[PDB]
Amino acid sequence: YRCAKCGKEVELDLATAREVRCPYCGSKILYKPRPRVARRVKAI
Amino acid sequence: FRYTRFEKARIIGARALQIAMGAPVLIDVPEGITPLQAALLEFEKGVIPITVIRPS
Amino acid sequence: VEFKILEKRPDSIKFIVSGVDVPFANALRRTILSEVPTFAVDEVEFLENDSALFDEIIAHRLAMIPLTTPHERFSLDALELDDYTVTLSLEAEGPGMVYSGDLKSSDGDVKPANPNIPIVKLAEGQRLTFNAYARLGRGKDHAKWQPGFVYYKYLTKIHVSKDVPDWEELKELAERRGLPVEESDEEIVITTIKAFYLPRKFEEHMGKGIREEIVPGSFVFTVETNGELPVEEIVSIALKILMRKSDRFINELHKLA
Amino acid sequence: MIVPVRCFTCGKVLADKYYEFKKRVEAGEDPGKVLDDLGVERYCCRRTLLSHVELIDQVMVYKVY
Amino acid sequence: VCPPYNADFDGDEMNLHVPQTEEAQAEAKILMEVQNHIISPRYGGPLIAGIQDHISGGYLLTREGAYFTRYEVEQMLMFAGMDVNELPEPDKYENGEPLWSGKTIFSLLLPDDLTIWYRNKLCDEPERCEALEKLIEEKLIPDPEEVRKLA
Amino acid sequence: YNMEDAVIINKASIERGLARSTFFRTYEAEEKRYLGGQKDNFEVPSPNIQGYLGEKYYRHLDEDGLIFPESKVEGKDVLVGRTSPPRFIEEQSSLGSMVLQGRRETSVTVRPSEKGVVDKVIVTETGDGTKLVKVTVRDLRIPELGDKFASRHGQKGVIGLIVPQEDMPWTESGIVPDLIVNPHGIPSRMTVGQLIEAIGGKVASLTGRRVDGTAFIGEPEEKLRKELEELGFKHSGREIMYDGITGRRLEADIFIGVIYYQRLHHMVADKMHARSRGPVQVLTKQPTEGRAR
Amino acid sequence: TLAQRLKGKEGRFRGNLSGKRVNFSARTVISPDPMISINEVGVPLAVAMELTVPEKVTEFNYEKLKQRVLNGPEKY
Amino acid sequence: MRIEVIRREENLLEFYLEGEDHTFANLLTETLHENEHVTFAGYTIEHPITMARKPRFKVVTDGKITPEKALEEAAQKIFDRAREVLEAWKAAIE
Ligand SMILES: [Mg+2]
Ligand SMILES: [Zn+2]
Ligand SMILES: [Zn+2]
């Protein structure tokens with residue numbers, strides 16, 4: 001389970017067991033989006 | 001009877017290996033010294049027991 | 001010991017100091033860069049970064065923003081700097097260019113001195129949120145804690161006798177660049193309050209007719225800041241460190257004996 | 001790659017005086033007088049205004065986390 | 001030590017490897033240290049020696065006209081390792097200020113009984129060397145003050 | 001320190017932005033299909049399974065087996081947790097292999113000397129039917145010692161040391177130089193184009209217009225040294241310079257200009273390695289070849 | 001085959017028998033300094049903690065190597 | 001600022017001074033020079049990457065005064081000289 005966002009914007013939260021497509025665009029390629037947690041980078 | 005450079009680097013090498021395997025040391029103590037450096041100080045005072053053989 | 005203030009401007013000053021010597025001048029100069037403390041952002045916590053730039057690059061620019069440092073509330077001549085922490089937050093969303101003026105400060109006396117600094121450009125729907133923590137530091141540890149600059153030069157006089165062909169060319173040249181010229185019937189004296197490039201015709205006369213004599217003990221100082229400390233409060237604070245610094249020495253010396 | 005907010009040798013801010021600089025050089029005015037009219041004195045401040053790329057427009061539009 | 005390795009510093013690669021057993025370690029220290037290899041077996045002449053700045057700096061120290069002041073003598077004798085006490089003496093030209101010559105700062109590094117004389121690359125007038133040589137060969141030990149300031 | 005092709009870069013000039021360069025890699029873990037019908041699924045590895053790399057290296061994976069981005073992956077940390085299928089339950093029967101019957105852990109992990117933070121995780125399907133995930137991890141890489149610089153004339157070299165801004169030989173203006181080049185290399189390698197370009201940066205920074213410098217028809221030699229002579233400086237670059245340790249005019253006139261350098265990727269973190277006792281050859285019991293093995 | 005296994009510019013007289021690959025080494029780049037003596041060398045502190053000598057505690061370095069094993073393999 | 005003595009003899013003192021740098025050391029050096037009883041004053045920083053905060057000082061006198069007294073009186077002067085200059089600055093921006 002996830003909430004993956006594909007190329008050319010759209011959201012498509014499904015799974016990973018059978019097939020990986022975008023219904024709206026018709027493409028098949030996905031980036032995993034960044035979470036909303038807090039990390040700490042120093043400024044040097 | 002001066003030693004060469006090949007015999008002086010073997011007498012130190014054999015004495016530094018005895019000084020690690022037992023072989024109680026002469027007055028060489030202070031405070032921490034690697035066993036190779038103990039052989040250099042004993043050789044400086046000229047109290048090495050090991051002598052060479054001169055084949056002739 | 002005496003001073004002559006040539007000009008006072010916003011964030012700059014130039015003056016002439018007399019009655020001192022060569023060792024003292026470097027000690028005053030070096031102390032201003034490496035001892036005077038200022039505030040600077042030291043670490044930033046990111047919540048999200050949809051911008052076109054890397055996390056480190058946005059974090060790097062935040063550290064380079066000059067922040068106002070109120071000298072009437074801590075101690076600037078201490079050897080051990082105070083650790084009081086100021087929180088700088090931001091929560092913006094594009095589209096539009098992000099400026100330094102949008103940063104919020106938890107303490108109204110520490111804000112960016114210059115409000116027209118671009119940080120990052122944001123496209124449609126991209127969000128940027130972070131919290132910046134500022135602390136006191138010195139320039140010797142990291143360049144971000146620099147209060148400004150100091151530059152110094154000797155004070156010299158160029159004597160040009162009237163027997164030198166085309167001496168009038170130096171008179172017009174020196175007056176164009178703002179150097180004072182004192183004229184007499186024997187020769188002229190140019191006070192070099194700034195660099196004086198000798199024109200090519202006169203190279204062969206440097207030493208025979210044209211000679212330069214250094215005035216012992218007089219120096220021209222140039223100081224420029226960025227708005228973190230009030231331009232003529234720099235030298236006063238630096239002087240009070242030298243005093244404090246060379247007083248600790250006496251305590252340690254007596255303890256040894 | 002947006003303009004550097006300091007110089008690299010002379011510590012002095014510059015990024016506030018770049019977008020005011022470039023909108024007055026695409027009218028035909030000579031840059032020798034534009035940079036002098038602002039507060040740029042040396043030539044260590046000036047080699048990093050006069051040569052820069054500001055390529056942030058191309059990279060931004062691609063849109064990927 | 002960078003004519004033995006034949007290296008320069010434009011990003012080269014040097015590899016070290018530690019020896020471990022106590023017999024193989026005292027052979028490395030006695031037979032292979034740097035100071036045993038200061039001259040070379042191909043032509044006798046020294047190999048580990050001075051390079052680019054060490055030569056052209058040494059010409060600026062011994063030029064006729066190299067007068068260092070008092071602060072510059074005292075600062076450089078602390079920087080070049082050596083330990084001497086308060087004897088930079090005797091302030092040879094007090095005409096402007098009490099300041100030394102360039103020869104006597106170089107004449108603290110040599111042992112106390114050298115005697116060498118030879119001719120080097122800068123000789124553009126062989127006649128004014130001759131005169132100096134002629135006196136030397138007949139009067140083996142002249143006085144260092146009088147005649148030798150014809151140098 | 002700058003003898004025999006080295007160079008001495010400023011400290012505060014590094015620490016404000018000179019040559020801060022980034023480094024990327026990428027990894028291409030996939031999901032194959034054997035001809036028997038058993039397909040290897042990727043998940044979080046359990047403690048039991050044969051061939052465990054270790055424990056507490058899996059603190060960054062999510063449930064399905066993908067690193068959520070922007071995490072400081074370092075050392076030998078894993079990237080994607082892969083379970084492989086049994087692979088011959090009945091071939092050996094070496095006195096205990098009949099009962100265990102489990103799986104043999106295989107995966108992908110960053111190369112064991114690097115560091116950095118992840119950037120973007122891809123997930124897709126390739127041509128036949130399978131699935132493959134691509135992960136890319138970046139790096140920050142401040143320019144310390146070793147990092148080879150060069151001109152475009154051929155004066156290559158390495159950072160000598162990293163001297164602070166305060167101890168810099170500086171000039172009778174607001175100028176504090178960055179790269180103090182060794183003077184013993186210009187009248188030995190015959191690179192006079194270095195010295196024409198160094199004045200041409202100083203003229204074309206004060207005037208305002210970038211000097212044309214093409215071959216055979218470019219800006220001539222004499223017109224630069226007159227435009228420098230009428231803008232307020234001496235005709236040959238030379239200027240009065242003060243040392244930063246003690247502070248007195250160096251009794252010479254030190255040359256100074258603007259030269260375009262460029263950083264090169266023979267950086268020191270891709271060269272330095274040490275080997276105490278590693279994995280050896282099976283046939284000879286001798287070490288392997290390359291850092292990738 | 002055998003004659004190509006015996007020979008061939010990397011066989012098993014020069015390639016693997018009289019010339020072998022070693023242990024306890026390092027390899028990096030170089031950079032000058034005229035402040036150390038003529039017979040010294042710099043060693044980076046990462047390479048210094050990944051190469052080791054054996055020491056064989058006898059009687060007079062026993063106070064030293066008690067501290068070297070009490071300190072862990074982290075502090076130098 | 002902890003003084004680490006190294007050599008101590010008759011009319012001579014050598015020591016390390018942690019935490020200081022070129023800035024104070026150079027000012028302290030020539031200020032010492034003004035004192036006629038100090039025959040020899042100098043300093044060195046050894047290899048400024050591994051250590052650049054502990055200059056090695058050397059002070060030699062003619063026997064008529066102790067080396068500590070020389071240091072003592074020479075760090076008086078700098079405090080007094082700064083105290084002067086400071087007053088000048090203040091009473092000039094008016
Ligand atoms: Mg090479
Ligand atoms: Zn889609
Ligand atoms: Zn600049």
# chains A, B, ... in the order shown; residues from 1 in each chain; ligands from 1
>>> residues_around(residues="residue 2 (chain D)", least_positions_apart="2", cutoff="10 Å", atoms="only C-alpha atoms", output="PyMOL selection string")
(chain C and resi 53+118-121) or (chain D and resi 4-5+15+52-57)
>>> residues_near_ligand(ligand="ligand 3", cutoff="7 Å", atoms="only C-alpha atoms and all ligand atoms", output="number ranges by chain")
D: 7-10, 43-46
>>> write_last_selection(atoms="N, CA, C and O atoms", output="PDB file, in the first residue's frame")
ATOM      1  N   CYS D   7      29.464  37.799  -2.128  1.00  0.00           N
ATOM      2  CA  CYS D   7      30.389  37.492  -3.199  1.00  0.00           C
ATOM      3  C   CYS D   7      31.202  36.278  -2.757  1.00  0.00           C
ATOM      4  O   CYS D   7      30.891  35.636  -1.752  1.00  0.00           O
ATOM      5  N   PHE D   8      32.271  35.951  -3.478  1.00  0.00           N
ATOM      6  CA  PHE D   8      33.092  34.804  -3.123  1.00  0.00           C
ATOM      7  C   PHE D   8      34.413  35.198  -2.502  1.00  0.00           C
ATOM      8  O   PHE D   8      35.031  34.375  -1.831  1.00  0.00           O
ATOM      9  N   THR D   9      34.817  36.450  -2.658  1.00  0.00           N
ATOM     10  CA  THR D   9      36.014  37.000  -2.044  1.00  0.00           C
ATOM     11  C   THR D   9      35.677  38.126  -1.080  1.00  0.00           C
ATOM     12  O   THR D   9      36.052  38.066   0.094  1.00  0.00           O
ATOM     13  N   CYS D  10      34.969  39.147  -1.545  1.00  0.00           N
ATOM     14  CA  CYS D  10      34.595  40.286  -0.727  1.00  0.00           C
ATOM     15  C   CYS D  10      33.221  40.038  -0.117  1.00  0.00           C
ATOM     16  O   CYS D  10      32.220  39.995  -0.831  1.00  0.00           O
ATOM     17  N   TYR D  43      36.698  45.334  -8.231  1.00  0.00           N
ATOM     18  CA  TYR D  43      36.431  44.432  -9.337  1.00  0.00           C
ATOM     19  C   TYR D  43      36.373  42.987  -8.877  1.00  0.00           C
ATOM     20  O   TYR D  43      36.400  42.079  -9.711  1.00  0.00           O
ATOM     21  N   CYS D  44      36.363  42.750  -7.573  1.00  0.00           N
ATOM     22  CA  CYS D  44      36.031  41.433  -7.066  1.00  0.00           C
ATOM     23  C   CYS D  44      34.537  41.299  -6.811  1.00  0.00           C
ATOM     24  O   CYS D  44      34.005  40.196  -6.930  1.00  0.00           O
ATOM     25  N   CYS D  45      33.849  42.389  -6.454  1.00  0.00           N
ATOM     26  CA  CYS D  45      32.389  42.398  -6.525  1.00  0.00           C
ATOM     27  C   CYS D  45      31.893  42.245  -7.950  1.00  0.00           C
ATOM     28  O   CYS D  45      30.816  41.695  -8.175  1.00  0.00           O
ATOM     29  N   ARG D  46      32.623  42.764  -8.915  1.00  0.00           N
ATOM     30  CA  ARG D  46      32.013  42.996 -10.205  1.00  0.00           C
ATOM     31  C   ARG D  46      32.192  41.839 -11.179  1.00  0.00           C
ATOM     32  O   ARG D  46      31.467  41.773 -12.172  1.00  0.00           O
TER      33      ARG D  46
END
>>> atom_distance(atom1="CA of residue 58 (chain C)", atom2="CA of residue 128 (chain C)")
10.2 Å
>>> interface_residues(of="chain C", to="chain A", cutoff="6 Å", atoms="only C-alpha atoms", output="ChimeraX atom specification")
/C:42-47,59-60
>>> residues_around(residues="region 14-18 of chain H", least_positions_apart="3", cutoff="12 Å", atoms="only C-alpha atoms", output="PyMOL selection string")
(chain C and resi 249+252-253+256) or (chain E and resi 78+83+85) or (chain H and resi 1-11+21-22+24-25+40-46+51-60+67-68+71)
>>> residues_around(residues="region 48-51 of chain D", least_positions_apart="2", cutoff="12 Å", atoms="only C-alpha atoms", output="mmCIF file with N, CA, C and O atoms, in the first residue's frame")
data_model
loop_
_atom_site.group_PDB
_atom_site.id
_atom_site.type_symbol
_atom_site.label_atom_id
_atom_site.label_comp_id
_atom_site.auth_asym_id
_atom_site.auth_seq_id
_atom_site.Cartn_x
_atom_site.Cartn_y
_atom_site.Cartn_z
ATOM 1 N N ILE D 2 20.343 30.433 -9.353
ATOM 2 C CA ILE D 2 20.173 31.814 -8.909
ATOM 3 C C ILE D 2 21.469 32.406 -8.333
ATOM 4 O O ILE D 2 22.290 31.692 -7.746
ATOM 5 N N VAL D 3 21.663 33.709 -8.551
ATOM 6 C CA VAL D 3 22.794 34.550 -8.136
ATOM 7 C C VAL D 3 23.248 34.351 -6.691
ATOM 8 O O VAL D 3 22.409 34.184 -5.798
ATOM 9 N N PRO D 4 24.553 34.330 -6.424
ATOM 10 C CA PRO D 4 25.040 33.987 -5.078
ATOM 11 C C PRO D 4 24.838 35.102 -4.065
ATOM 12 O O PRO D 4 25.209 36.247 -4.310
ATOM 13 N N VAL D 5 24.237 34.772 -2.919
ATOM 14 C CA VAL D 5 23.989 35.823 -1.945
ATOM 15 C C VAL D 5 25.182 35.896 -1.010
ATOM 16 O O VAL D 5 25.114 35.438 0.137
ATOM 17 N N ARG D 6 26.289 36.414 -1.533
ATOM 18 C CA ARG D 6 27.462 37.037 -0.930
ATOM 19 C C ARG D 6 28.312 37.176 -2.175
ATOM 20 O O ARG D 6 27.909 36.670 -3.222
ATOM 21 N N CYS D 7 29.464 37.799 -2.128
ATOM 22 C CA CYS D 7 30.389 37.492 -3.199
ATOM 23 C C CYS D 7 31.202 36.278 -2.757
ATOM 24 O O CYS D 7 30.891 35.636 -1.752
ATOM 25 N N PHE D 8 32.271 35.951 -3.478
ATOM 26 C CA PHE D 8 33.092 34.804 -3.123
ATOM 27 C C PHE D 8 34.413 35.198 -2.502
ATOM 28 O O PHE D 8 35.031 34.375 -1.831
ATOM 29 N N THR D 9 34.817 36.450 -2.658
ATOM 30 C CA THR D 9 36.014 37.000 -2.044
ATOM 31 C C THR D 9 35.677 38.126 -1.080
ATOM 32 O O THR D 9 36.052 38.066 0.094
ATOM 33 N N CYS D 10 34.969 39.147 -1.545
ATOM 34 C CA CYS D 10 34.595 40.286 -0.727
ATOM 35 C C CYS D 10 33.221 40.038 -0.117
ATOM 36 O O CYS D 10 32.220 39.995 -0.831
ATOM 37 N N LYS D 12 30.037 40.824 0.863
ATOM 38 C CA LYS D 12 29.135 41.918 0.557
ATOM 39 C C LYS D 12 27.973 41.302 -0.193
ATOM 40 O O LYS D 12 28.189 40.497 -1.097
ATOM 41 N N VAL D 13 26.750 41.674 0.171
ATOM 42 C CA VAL D 13 25.602 41.071 -0.485
ATOM 43 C C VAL D 13 25.441 41.632 -1.890
ATOM 44 O O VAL D 13 25.800 42.778 -2.180
ATOM 45 N N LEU D 14 24.943 40.791 -2.787
ATOM 46 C CA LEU D 14 24.767 41.158 -4.185
ATOM 47 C C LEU D 14 23.427 40.754 -4.764
ATOM 48 O O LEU D 14 23.042 41.312 -5.794
ATOM 49 N N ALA D 15 22.701 39.812 -4.168
ATOM 50 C CA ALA D 15 21.544 39.257 -4.844
ATOM 51 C C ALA D 15 20.353 40.197 -4.842
ATOM 52 O O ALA D 15 19.411 39.971 -5.603
ATOM 53 N N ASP D 16 20.375 41.244 -4.020
ATOM 54 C CA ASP D 16 19.358 42.284 -4.095
ATOM 55 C C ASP D 16 19.588 43.254 -5.244
ATOM 56 O O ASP D 16 18.657 43.959 -5.640
ATOM 57 N N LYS D 17 20.798 43.301 -5.787
ATOM 58 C CA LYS D 17 21.159 44.271 -6.808
ATOM 59 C C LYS D 17 21.490 43.588 -8.127
ATOM 60 O O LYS D 17 22.345 44.053 -8.878
ATOM 61 N N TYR D 18 20.835 42.468 -8.408
ATOM 62 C CA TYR D 18 20.965 41.815 -9.702
ATOM 63 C C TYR D 18 19.732 41.963 -10.576
ATOM 64 O O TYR D 18 19.862 42.256 -11.764
ATOM 65 N N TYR D 19 18.531 41.775 -10.032
ATOM 66 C CA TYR D 19 17.335 41.897 -10.855
ATOM 67 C C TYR D 19 16.958 43.343 -11.118
ATOM 68 O O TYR D 19 16.164 43.610 -12.023
ATOM 69 N N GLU D 20 17.518 44.271 -10.354
ATOM 70 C CA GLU D 20 17.443 45.679 -10.703
ATOM 71 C C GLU D 20 18.512 46.028 -11.728
ATOM 72 O O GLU D 20 18.354 46.983 -12.491
ATOM 73 N N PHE D 21 19.602 45.261 -11.755
ATOM 74 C CA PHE D 21 20.693 45.496 -12.694
ATOM 75 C C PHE D 21 20.345 45.043 -14.102
ATOM 76 O O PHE D 21 20.665 45.737 -15.072
ATOM 77 N N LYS D 22 19.687 43.898 -14.240
ATOM 78 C CA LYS D 22 19.539 43.316 -15.565
ATOM 79 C C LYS D 22 18.396 43.960 -16.335
ATOM 80 O O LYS D 22 18.437 44.017 -17.568
ATOM 81 N N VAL D 25 19.895 46.828 -18.256
ATOM 82 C CA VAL D 25 20.881 46.579 -19.302
ATOM 83 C C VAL D 25 20.255 46.100 -20.603
ATOM 84 O O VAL D 25 20.914 46.168 -21.652
ATOM 85 N N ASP D 30 24.935 51.319 -21.055
ATOM 86 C CA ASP D 30 26.217 50.641 -20.929
ATOM 87 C C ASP D 30 26.406 50.104 -19.512
ATOM 88 O O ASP D 30 26.103 50.800 -18.542
ATOM 89 N N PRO D 31 26.909 48.874 -19.361
ATOM 90 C CA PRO D 31 27.071 48.307 -18.016
ATOM 91 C C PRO D 31 28.209 48.925 -17.229
ATOM 92 O O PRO D 31 28.283 48.714 -16.012
ATOM 93 N N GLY D 32 29.118 49.646 -17.886
ATOM 94 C CA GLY D 32 30.204 50.289 -17.173
ATOM 95 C C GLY D 32 29.720 51.401 -16.270
ATOM 96 O O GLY D 32 30.367 51.722 -15.271
ATOM 97 N N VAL D 34 26.239 51.437 -15.262
ATOM 98 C CA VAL D 34 25.169 50.882 -14.438
ATOM 99 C C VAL D 34 25.725 50.282 -13.155
ATOM 100 O O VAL D 34 25.196 50.511 -12.060
ATOM 101 N N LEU D 35 26.803 49.511 -13.268
ATOM 102 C CA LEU D 35 27.420 48.925 -12.086
ATOM 103 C C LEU D 35 28.108 49.979 -11.229
ATOM 104 O O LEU D 35 28.212 49.816 -10.010
ATOM 105 N N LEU D 38 25.346 51.867 -9.050
ATOM 106 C CA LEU D 38 24.977 51.146 -7.843
ATOM 107 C C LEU D 38 26.178 51.148 -6.899
ATOM 108 O O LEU D 38 27.171 51.847 -7.114
ATOM 109 N N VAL D 40 28.864 49.214 -6.320
ATOM 110 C CA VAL D 40 29.885 48.224 -6.640
ATOM 111 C C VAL D 40 31.167 49.004 -6.885
ATOM 112 O O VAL D 40 31.265 49.760 -7.858
ATOM 113 N N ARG D 42 34.921 47.715 -6.120
ATOM 114 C CA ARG D 42 36.097 46.978 -6.564
ATOM 115 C C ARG D 42 35.824 46.268 -7.878
ATOM 116 O O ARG D 42 34.860 46.555 -8.587
ATOM 117 N N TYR D 43 36.698 45.334 -8.231
ATOM 118 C CA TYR D 43 36.431 44.432 -9.337
ATOM 119 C C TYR D 43 36.373 42.987 -8.877
ATOM 120 O O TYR D 43 36.400 42.079 -9.711
ATOM 121 N N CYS D 44 36.363 42.750 -7.573
ATOM 122 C CA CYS D 44 36.031 41.433 -7.066
ATOM 123 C C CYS D 44 34.537 41.299 -6.811
ATOM 124 O O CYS D 44 34.005 40.196 -6.930
ATOM 125 N N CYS D 45 33.849 42.389 -6.454
ATOM 126 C CA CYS D 45 32.389 42.398 -6.525
ATOM 127 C C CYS D 45 31.893 42.245 -7.950
ATOM 128 O O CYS D 45 30.816 41.695 -8.175
ATOM 129 N N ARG D 46 32.623 42.764 -8.915
ATOM 130 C CA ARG D 46 32.013 42.996 -10.205
ATOM 131 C C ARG D 46 32.192 41.839 -11.179
ATOM 132 O O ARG D 46 31.467 41.773 -12.172
ATOM 133 N N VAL D 53 24.550 33.029 -15.091
ATOM 134 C CA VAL D 53 23.723 32.307 -16.059
ATOM 135 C C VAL D 53 22.228 32.309 -15.732
ATOM 136 O O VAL D 53 21.404 32.256 -16.653
ATOM 137 N N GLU D 54 21.878 32.392 -14.438
ATOM 138 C CA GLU D 54 20.494 32.388 -13.899
ATOM 139 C C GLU D 54 19.562 31.319 -14.502
ATOM 140 O O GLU D 54 18.355 31.524 -14.627
ATOM 141 N N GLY F 17 31.060 29.539 -1.284
ATOM 142 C CA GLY F 17 30.513 29.070 -2.539
ATOM 143 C C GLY F 17 31.390 28.637 -3.695
ATOM 144 O O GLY F 17 30.834 28.231 -4.715
ATOM 145 N N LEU F 18 32.710 28.748 -3.623
ATOM 146 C CA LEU F 18 33.532 28.324 -4.754
ATOM 147 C C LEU F 18 33.508 26.804 -4.934
ATOM 148 O O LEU F 18 33.908 26.063 -4.031
ATOM 149 N N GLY F 201 41.245 39.719 -17.889
ATOM 150 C CA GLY F 201 40.162 39.653 -16.932
ATOM 151 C C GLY F 201 40.027 40.929 -16.134
ATOM 152 O O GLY F 201 38.922 41.295 -15.734
ATOM 153 N N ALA F 204 38.510 43.691 -18.637
ATOM 154 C CA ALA F 204 37.128 43.393 -18.971
ATOM 155 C C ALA F 204 36.247 43.185 -17.759
ATOM 156 O O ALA F 204 35.096 42.792 -17.930
ATOM 157 N N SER F 205 36.750 43.374 -16.550
ATOM 158 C CA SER F 205 35.863 43.477 -15.406
ATOM 159 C C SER F 205 35.601 44.901 -14.975
ATOM 160 O O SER F 205 34.562 45.166 -14.377
ATOM 161 N N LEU F 206 36.519 45.818 -15.239
ATOM 162 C CA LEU F 206 36.341 47.207 -14.844
ATOM 163 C C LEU F 206 35.625 47.994 -15.928
ATOM 164 O O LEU F 206 34.834 48.890 -15.626
ATOM 165 N N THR F 207 35.901 47.670 -17.189
ATOM 166 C CA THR F 207 35.249 48.345 -18.300
ATOM 167 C C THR F 207 33.775 47.986 -18.352
ATOM 168 O O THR F 207 32.912 48.866 -18.378
ATOM 169 N N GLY F 208 33.467 46.696 -18.352
ATOM 170 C CA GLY F 208 32.093 46.245 -18.397
ATOM 171 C C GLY F 208 31.789 45.244 -19.489
ATOM 172 O O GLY F 208 30.852 44.456 -19.363
ATOM 173 N N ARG F 209 32.580 45.230 -20.548
ATOM 174 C CA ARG F 209 32.276 44.431 -21.724
ATOM 175 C C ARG F 209 33.281 43.296 -21.846
ATOM 176 O O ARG F 209 34.488 43.518 -21.718
ATOM 177 N N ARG F 210 32.775 42.086 -22.078
ATOM 178 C CA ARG F 210 33.613 40.893 -22.121
ATOM 179 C C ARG F 210 34.489 40.885 -23.366
ATOM 180 O O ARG F 210 33.983 40.873 -24.491
ATOM 181 N N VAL F 258 42.763 37.924 -13.189
ATOM 182 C CA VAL F 258 41.584 37.059 -13.129
ATOM 183 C C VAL F 258 41.769 35.945 -14.150
ATOM 184 O O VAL F 258 41.789 36.207 -15.357
ATOM 185 N N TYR F 260 40.277 32.153 -15.384
ATOM 186 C CA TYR F 260 39.194 31.173 -15.355
ATOM 187 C C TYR F 260 39.750 29.770 -15.166
ATOM 188 O O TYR F 260 40.336 29.208 -16.092
#
>>> residues_near_ligand(ligand="ligand 2", cutoff="7 Å", atoms="only C-alpha atoms and all ligand atoms", output="PDB file with N, CA and C atoms, in the first residue's frame")
ATOM      1  N   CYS A   6       2.291   9.625 -10.390  1.00  0.00           N
ATOM      2  CA  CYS A   6       2.960   9.230 -11.619  1.00  0.00           C
ATOM      3  C   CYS A   6       3.513  10.443 -12.345  1.00  0.00           C
ATOM      4  N   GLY A   7       4.059  10.209 -13.534  1.00  0.00           N
ATOM      5  CA  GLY A   7       4.388  11.303 -14.414  1.00  0.00           C
ATOM      6  C   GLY A   7       3.117  11.899 -14.980  1.00  0.00           C
ATOM      7  N   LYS A   8       3.197  13.170 -15.381  1.00  0.00           N
ATOM      8  CA  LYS A   8       2.041  13.989 -15.784  1.00  0.00           C
ATOM      9  C   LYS A   8       0.931  13.966 -14.719  1.00  0.00           C
ATOM     10  N   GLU A   9       1.364  14.381 -13.520  1.00  0.00           N
ATOM     11  CA  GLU A   9       0.717  14.690 -12.236  1.00  0.00           C
ATOM     12  C   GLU A   9       0.123  13.609 -11.334  1.00  0.00           C
ATOM     13  N   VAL A  10      -0.581  12.595 -11.839  1.00  0.00           N
ATOM     14  CA  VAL A  10      -1.814  12.237 -11.127  1.00  0.00           C
ATOM     15  C   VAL A  10      -1.502  11.271  -9.984  1.00  0.00           C
ATOM     16  N   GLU A  11      -2.435  11.166  -9.041  1.00  0.00           N
ATOM     17  CA  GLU A  11      -2.329  10.203  -7.951  1.00  0.00           C
ATOM     18  C   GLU A  11      -2.881   8.844  -8.359  1.00  0.00           C
ATOM     19  N   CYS A  22      -1.158   3.489 -14.986  1.00  0.00           N
ATOM     20  CA  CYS A  22      -1.979   4.638 -14.662  1.00  0.00           C
ATOM     21  C   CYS A  22      -3.284   4.541 -15.425  1.00  0.00           C
ATOM     22  N   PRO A  23      -4.435   4.536 -14.751  1.00  0.00           N
ATOM     23  CA  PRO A  23      -5.702   4.538 -15.495  1.00  0.00           C
ATOM     24  C   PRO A  23      -5.967   5.829 -16.256  1.00  0.00           C
ATOM     25  N   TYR A  24      -5.706   6.987 -15.648  1.00  0.00           N
ATOM     26  CA  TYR A  24      -6.027   8.260 -16.289  1.00  0.00           C
ATOM     27  C   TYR A  24      -5.095   8.565 -17.461  1.00  0.00           C
ATOM     28  N   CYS A  25      -3.778   8.560 -17.236  1.00  0.00           N
ATOM     29  CA  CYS A  25      -2.842   8.889 -18.316  1.00  0.00           C
ATOM     30  C   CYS A  25      -2.759   7.772 -19.348  1.00  0.00           C
ATOM     31  N   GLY A  26      -2.775   6.524 -18.894  1.00  0.00           N
ATOM     32  CA  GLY A  26      -2.516   5.393 -19.749  1.00  0.00           C
ATOM     33  C   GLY A  26      -1.064   4.982 -19.792  1.00  0.00           C
ATOM     34  N   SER A  27      -0.196   5.670 -19.058  1.00  0.00           N
ATOM     35  CA  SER A  27       1.224   5.367 -19.020  1.00  0.00           C
ATOM     36  C   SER A  27       1.504   4.345 -17.926  1.00  0.00           C
TER      37      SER A  27
END
>>> residues_near_ligand(ligand="ligand 1", cutoff="7 Å", atoms="only C-alpha atoms and all ligand atoms", output="JSON, numbers by chain")
{"E": [7, 8, 9, 10, 11, 12]}
>>> residues_around(residues="region 10-22 of chain B", least_positions_apart="6", cutoff="8 Å", atoms="only C-alpha atoms", output="PyMOL selection string")
(chain B and resi 35-36+38-40+43+50) or (chain E and resi 22-27) or (chain G and resi 56-58)
>>> select_by_dssp(residues="region 115-247 of chain F", states="strand (DSSP E)", output="PyMOL selection string")
chain F and resi 117-124+131-132+135-138+149-150+158-159+170-171+241-242
